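Notes follow once the structure below has been shown.
Note that each Cβ is placed from the backbone with ideal geometry, even for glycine, and that neighbours are counted across all protein chains shown. Derivation of every value follows stated rules applied to the coordinates shown; laboratory data play no part.
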Amino acid sequence: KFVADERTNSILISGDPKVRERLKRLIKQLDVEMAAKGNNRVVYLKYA
Amino acid sequence: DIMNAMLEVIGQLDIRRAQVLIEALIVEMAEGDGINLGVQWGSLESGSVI
């Protein structure tokens, strides 16, 4: 089965060295961080 | 993440402000003329005036 800590932000695992193979695979799978979306933007008004 | 956002907002609101030199020009030109001329008459013995 599964654990993690967000003190550390770390996946802990309980189970197989097959769970160790595939869940080091999923250790790696969703590690990715989305690129900044420019969620907010400062616009310089020319006239108004 | 919110920190990295607000630092990019602050970065773009911190810009230098250009400064304008406003020079007004006021021109007031007056001119005037007049000619007042006339002849008056009078006799005060029997009072009669123009």
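So the check is Cβ under 9 Å with 6+ separation or different chains; which pairs have a first residue in segment A:27-46 that's over 21 Å from A:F2 (Cα atoms) and a second one that's assigned to a loop (DSSP other than H, G, I, E, B) and of a type in the set (A, V, I, L, M, F, W, C)?
A:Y44/B:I15
Give me a count of the residues in segment A:1-17 that are surrounded by 10 or more Cβ atoms within 10 Å (Cβ to Cβ), touching a residue at least 12 places away in the same chain (Cβ under 8 Å) and either touching a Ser or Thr at 6+ places or on another chain (Cβ under 6 Å) or part of a loop (DSSP other than H, G, I, E, B) (or both).
1
Taking the criterion of being over 30 Å from A:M34 (Cα atoms), within 14 Å of chain A (Cβ to nearest Cβ) and surrounded by fewer than 10 Cβ atoms within 10 Å (Cβ to Cβ), would at least one residue in segment B:22-45 satisfy it?
Within segment B:22-45, the subset over 30 Å from A:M34 (Cα atoms) is B:22-45.
From what's left, within 14 Å of chain A (Cβ to nearest Cβ): none.
No, the conditions are met nowhere in segment B:22-45.
Please tell me if A:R20 is free of Cβ contacts under 8 Å to residues at least 24 places away in the same chain and surrounded by fewer than 10 Cβ atoms within 10 Å (Cβ to Cβ).
On the way: free of Cβ contacts under 8 Å to residues at least 24 places away in the same chain: yes; surrounded by fewer than 10 Cβ atoms within 10 Å (Cβ to Cβ): no.
The answer is no for A:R20.
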